[PDB]
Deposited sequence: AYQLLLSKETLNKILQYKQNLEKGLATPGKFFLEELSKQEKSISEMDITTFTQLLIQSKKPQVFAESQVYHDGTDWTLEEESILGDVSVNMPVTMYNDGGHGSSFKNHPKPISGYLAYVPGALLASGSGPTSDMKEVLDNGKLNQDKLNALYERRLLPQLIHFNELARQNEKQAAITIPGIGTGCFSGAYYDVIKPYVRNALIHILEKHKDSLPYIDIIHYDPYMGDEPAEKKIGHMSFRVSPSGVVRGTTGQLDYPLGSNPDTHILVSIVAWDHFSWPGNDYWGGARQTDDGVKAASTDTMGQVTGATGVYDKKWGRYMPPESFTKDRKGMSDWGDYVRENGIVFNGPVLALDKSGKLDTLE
């Protein structure tokens, strides 16, 4: 029902980390250790896929990565955090509204079927000393455009390759909507300077891998505000920058961009996710707030992850937990605590040749 993806570089980091845990050169963080203790095998006796799944399973339904983490053995180590930020997840979804924040959403008369790809952006904020992503892309506290290009390339390429093959298997092209990933909460002190960097990072990936993405046609980038409305042609792809608060009538994220439709294109939206949380994040707590929480609440994301069938509330634009649970603490996070649900699924990685395959 959901699929975890990662780059070649991320699998090399899992491999190194697994080796170090076997050799005694590393010790696991508190939350990864808790998930290992719920299982019988040791680090040495486990395969790389089981190891990867248990590290991903340390994610909690709700965690604010920018403010609630210490980046040490008390929660998640800088090593685990390096791996976790690179993990993305995708799932097919029924989109019930266009994704408008607050009361602005428009309900789909007939729910649209598409896909969500949850990808964490550069974590450049912290309430406890520098993050793994701050160490990588910052040179003396200044944003490095080329290091940011490398980070987003590593995170977004496994999903871009995944949806390119899916659109070829469906005989359609791809229409992908992308928000201003890493430009809000995760930008920290760089809030006033980050928007051009994320837009240039997306241009860079699509310019680099255009030969590997033929069945990808529309890229609709909506950073809400702080970017000039523009149309750019990257090879065969059309990259559009249409900030909703700048360009009135902009197509919503969970809606078909202009020049795409259900018969010619498959609809994919990127979701600005968190290193340490389950896909919905804030919406596990009932709040339809961030890009992450608005997109999970506006789709059946919670139904995909928990396996339960919820009920869409047209007035609040939220996918609510089953009536049988609530009749009796009734948000989606309490549903998972009541039923013992864990975030654990299949995981694929890009190999040397640039294709997705098993981790063993």
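Unmodelled segment of the deposited chain, and the only one: 329-331.
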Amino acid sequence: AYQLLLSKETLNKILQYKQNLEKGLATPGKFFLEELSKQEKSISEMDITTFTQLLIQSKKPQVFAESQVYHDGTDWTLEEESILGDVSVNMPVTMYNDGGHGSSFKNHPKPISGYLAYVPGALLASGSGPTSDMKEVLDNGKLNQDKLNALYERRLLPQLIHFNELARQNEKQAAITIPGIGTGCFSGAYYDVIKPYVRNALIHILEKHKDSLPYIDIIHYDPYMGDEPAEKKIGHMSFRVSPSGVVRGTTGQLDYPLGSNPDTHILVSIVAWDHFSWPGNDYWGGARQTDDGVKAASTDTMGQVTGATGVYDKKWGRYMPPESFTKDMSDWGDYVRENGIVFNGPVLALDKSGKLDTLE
From here on, numbers count along this sequence of modelled residues.
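Comparing the deposited coordinates for 232-240 and 97-105, the stretch with the larger average C-alpha B-factor is 232-240. Averaged over Cα atoms, the B-factor as recorded in the entry is higher for 39-47 than for the other of 39-47 and 54-62. Of the candidates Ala272, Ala167, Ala287, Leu116, the one whose C-alpha carries the top B factor in the deposited record is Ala167.
When all modelled residues of the chain are sorted by CA temperature factor, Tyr256 is found within the middle third. Ranked within its chain, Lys295 lands in the lowest third, by CA B factor from the PDB record.
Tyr152: CA B factor lies in the middle third for its chain, per the PDB record. In this PDB entry, the Cα temperature factor of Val347 sits in the top third of its chain's modelled residues, the highest group. Residue-level temperature factors show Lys314 in the middle third of its chain, judged at the C-alpha atom.
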